[PDB]
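The next block holds one structure in the form of structure tokens; read it before the comments.
Read-outs throughout are calculated quantities, based only on the coordinates presented, and are distinct from any laboratory measurement. Cβ atoms come from the backbone with ideal geometry, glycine included; neighbour counts cover every protein chain shown.
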Amino acid sequence: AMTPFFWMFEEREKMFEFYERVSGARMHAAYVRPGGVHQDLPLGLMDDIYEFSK
Amino acid sequence: XXXXXXXXXXXXXXXXXXXXXXXXXXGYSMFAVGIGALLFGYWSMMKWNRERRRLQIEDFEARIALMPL
């Protein structure tokens, strides 16, 4: 099947915009740490999560 | 003043909603159009073959008419 791969990877590439705005690299992040969470969510992201989920 | 990330939900995006529903086709109604197209198909086709018979006999008549050939 060719279509369901490319149908979701458009949406999946939008998902790494959340990762880039919350941490340095695209995929792997040193974000979850023994001290909880390394860095707080920026002001732009919290409005984007609701916009994505809709 | 402290400024942090604010919470917003508004519509909650609707948690698990069905989008798949029956459209256009019902069941019995599709067979009325399906087999209905077949019955219309044969009746239209066979009338042309009867019109072909008008040409057919007339074509073979040319051979009988031509004896100097």
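A few comments on the model shown:
- Residue within region A:9-22 that is without any contact (Cβ under 8 Å) to a residue 60 or more places away in the chain, aromatic (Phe, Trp, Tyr) and farther than 26 Å from B:Unk9 by Cβ present: yes
- As a summary of the residue check, B:Unk5 satisfies the conditions (1) away from chain A (no Cβ under 14 Å); (2) surrounded by 10 or more Cβ atoms within 10 Å (Cβ to Cβ) except for the one numbered (1).
- Among the residues listed as B:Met67, B:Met45, the single one being among the aliphatic types (A, V, I, L, M) and in a helix (DSSP H, G or I): B:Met45
- Test: residue in region A:23-34 that is within 14 Å of another protein chain (Cβ to nearest Cβ), not basic (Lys, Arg) and not in a loop (DSSP other than H, G, I, E, B): no
- Neighbours by Cβ (under 6 Å, 6+ apart or cross-chain): first from region A:34-49, farther than 23 Å from A:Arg12 by Cβ; second surrounded by 10 or more Cβ atoms within 10 Å (Cβ to Cβ): A:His38/A:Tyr31
Okay, residues lined up against (1) assigned to a helix (DSSP H, G or I); (2) under 21 Å from the mean Cα position of the chain (by Cα); (3) within 30 Å of A:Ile49 (Cα to Cα):
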| position | (1), (2), (3) |
| --- | --- |
| B:Unk3 | no, no, yes |
| B:Unk7 | no, no, yes |
| B:Unk26 | no, yes, no |
| B:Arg50 | yes, no, no |
